[PDB]
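See below for the structure under consideration.
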Number of protein chains: 2
Amino acid sequence: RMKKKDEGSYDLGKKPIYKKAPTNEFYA
Amino acid sequence: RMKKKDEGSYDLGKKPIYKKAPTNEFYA
């Protein structure tokens with residue numbers, strides 16, 4: 001995550017980040 | 001994500017979710 005911009009407090013702070021490879025299986 | 005509870009507006013809404021398996025490699 002390079003530069004950022006969250007000077008507007010309202011209802012958001014964390015973001016999603018799906019992208020791993022601990023093996024070769026898909027569960028959902 | 002089962003039940004939830006976000007009736008407090010402030011600075012959060014999305015969450016992280018690292019956990020994929022589109023292959024067998026790790027980049028970071």
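Residues in the structure tokens are named by chain (A, B, ... in the order shown) and by number from 1 within that chain; ligands are numbered from 1 in the order shown.
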
Give the residues of chain B that lie within 6 Å of chain A; count only C-alpha atoms, and format the answer as a PDB file with N, CA, C and O atoms, in the first residue's frame.
```pdb
ATOM      1  N   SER B   9     -20.878   4.164  13.944  1.00  0.00           N
ATOM      2  CA  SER B   9     -20.149   4.806  12.813  1.00  0.00           C
ATOM      3  C   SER B   9     -18.951   5.604  13.337  1.00  0.00           C
ATOM      4  O   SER B   9     -19.079   6.416  14.231  1.00  0.00           O
ATOM      5  N   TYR B  10     -17.790   5.378  12.789  1.00  0.00           N
ATOM      6  CA  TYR B  10     -16.586   6.124  13.257  1.00  0.00           C
ATOM      7  C   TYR B  10     -15.494   6.095  12.183  1.00  0.00           C
ATOM      8  O   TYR B  10     -15.302   7.049  11.456  1.00  0.00           O
ATOM      9  N   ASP B  11     -14.777   5.010  12.080  1.00  0.00           N
ATOM     10  CA  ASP B  11     -13.700   4.923  11.053  1.00  0.00           C
ATOM     11  C   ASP B  11     -13.397   3.457  10.726  1.00  0.00           C
ATOM     12  O   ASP B  11     -12.280   3.000  10.864  1.00  0.00           O
ATOM     13  N   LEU B  12     -14.383   2.721  10.294  1.00  0.00           N
ATOM     14  CA  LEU B  12     -14.150   1.287   9.958  1.00  0.00           C
ATOM     15  C   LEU B  12     -15.362   0.712   9.219  1.00  0.00           C
ATOM     16  O   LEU B  12     -16.493   1.049   9.506  1.00  0.00           O
ATOM     17  N   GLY B  13     -15.134  -0.152   8.269  1.00  0.00           N
ATOM     18  CA  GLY B  13     -16.271  -0.748   7.512  1.00  0.00           C
ATOM     19  C   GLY B  13     -15.801  -2.014   6.794  1.00  0.00           C
ATOM     20  O   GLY B  13     -16.415  -3.058   6.890  1.00  0.00           O
ATOM     21  N   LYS B  14     -14.715  -1.930   6.076  1.00  0.00           N
ATOM     22  CA  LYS B  14     -14.206  -3.131   5.351  1.00  0.00           C
ATOM     23  C   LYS B  14     -13.168  -3.863   6.206  1.00  0.00           C
ATOM     24  O   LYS B  14     -12.530  -3.282   7.060  1.00  0.00           O
ATOM     25  N   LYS B  15     -12.996  -5.137   5.982  1.00  0.00           N
ATOM     26  CA  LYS B  15     -11.998  -5.907   6.783  1.00  0.00           C
ATOM     27  C   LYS B  15     -11.061  -6.685   5.855  1.00  0.00           C
ATOM     28  O   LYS B  15     -11.381  -6.928   4.709  1.00  0.00           O
ATOM     29  N   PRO B  16      -9.930  -7.053   6.391  1.00  0.00           N
ATOM     30  CA  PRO B  16      -8.929  -7.812   5.608  1.00  0.00           C
ATOM     31  C   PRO B  16      -9.395  -9.257   5.402  1.00  0.00           C
ATOM     32  O   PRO B  16     -10.227  -9.761   6.130  1.00  0.00           O
ATOM     33  N   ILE B  17      -8.865  -9.927   4.416  1.00  0.00           N
ATOM     34  CA  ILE B  17      -9.275 -11.336   4.165  1.00  0.00           C
ATOM     35  C   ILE B  17      -8.198 -12.065   3.361  1.00  0.00           C
ATOM     36  O   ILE B  17      -8.437 -12.533   2.268  1.00  0.00           O
ATOM     37  N   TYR B  18      -7.013 -12.164   3.896  1.00  0.00           N
ATOM     38  CA  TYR B  18      -5.919 -12.863   3.161  1.00  0.00           C
ATOM     39  C   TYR B  18      -6.098 -14.381   3.260  1.00  0.00           C
ATOM     40  O   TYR B  18      -6.036 -14.954   4.328  1.00  0.00           O
ATOM     41  N   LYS B  19      -6.316 -15.035   2.151  1.00  0.00           N
ATOM     42  CA  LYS B  19      -6.497 -16.515   2.182  1.00  0.00           C
ATOM     43  C   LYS B  19      -6.928 -17.026   0.805  1.00  0.00           C
ATOM     44  O   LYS B  19      -8.071 -17.374   0.592  1.00  0.00           O
ATOM     45  N   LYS B  20      -6.020 -17.074  -0.131  1.00  0.00           N
ATOM     46  CA  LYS B  20      -6.377 -17.562  -1.493  1.00  0.00           C
ATOM     47  C   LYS B  20      -5.486 -18.745  -1.883  1.00  0.00           C
ATOM     48  O   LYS B  20      -4.599 -19.134  -1.151  1.00  0.00           O
ATOM     49  N   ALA B  21      -5.718 -19.322  -3.030  1.00  0.00           N
ATOM     50  CA  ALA B  21      -4.884 -20.479  -3.465  1.00  0.00           C
ATOM     51  C   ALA B  21      -4.976 -20.659  -4.983  1.00  0.00           C
ATOM     52  O   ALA B  21      -5.208 -21.749  -5.467  1.00  0.00           O
ATOM     53  N   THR B  23      -2.700 -20.700  -6.889  1.00  0.00           N
ATOM     54  CA  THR B  23      -1.464 -21.371  -7.385  1.00  0.00           C
ATOM     55  C   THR B  23      -0.586 -21.801  -6.207  1.00  0.00           C
ATOM     56  O   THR B  23      -1.074 -22.128  -5.144  1.00  0.00           O
ATOM     57  N   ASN B  24       0.707 -21.804  -6.389  1.00  0.00           N
ATOM     58  CA  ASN B  24       1.614 -22.213  -5.278  1.00  0.00           C
ATOM     59  C   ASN B  24       2.824 -21.279  -5.212  1.00  0.00           C
ATOM     60  O   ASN B  24       3.959 -21.712  -5.264  1.00  0.00           O
ATOM     61  N   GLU B  25       2.593 -20.000  -5.096  1.00  0.00           N
ATOM     62  CA  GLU B  25       3.732 -19.039  -5.026  1.00  0.00           C
ATOM     63  C   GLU B  25       3.461 -17.974  -3.960  1.00  0.00           C
ATOM     64  O   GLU B  25       2.329 -17.703  -3.611  1.00  0.00           O
ATOM     65  N   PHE B  26       4.494 -17.367  -3.439  1.00  0.00           N
ATOM     66  CA  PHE B  26       4.294 -16.321  -2.396  1.00  0.00           C
ATOM     67  C   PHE B  26       5.041 -15.040  -2.782  1.00  0.00           C
ATOM     68  O   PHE B  26       6.254 -15.015  -2.853  1.00  0.00           O
TER      69      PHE B  26
END
```
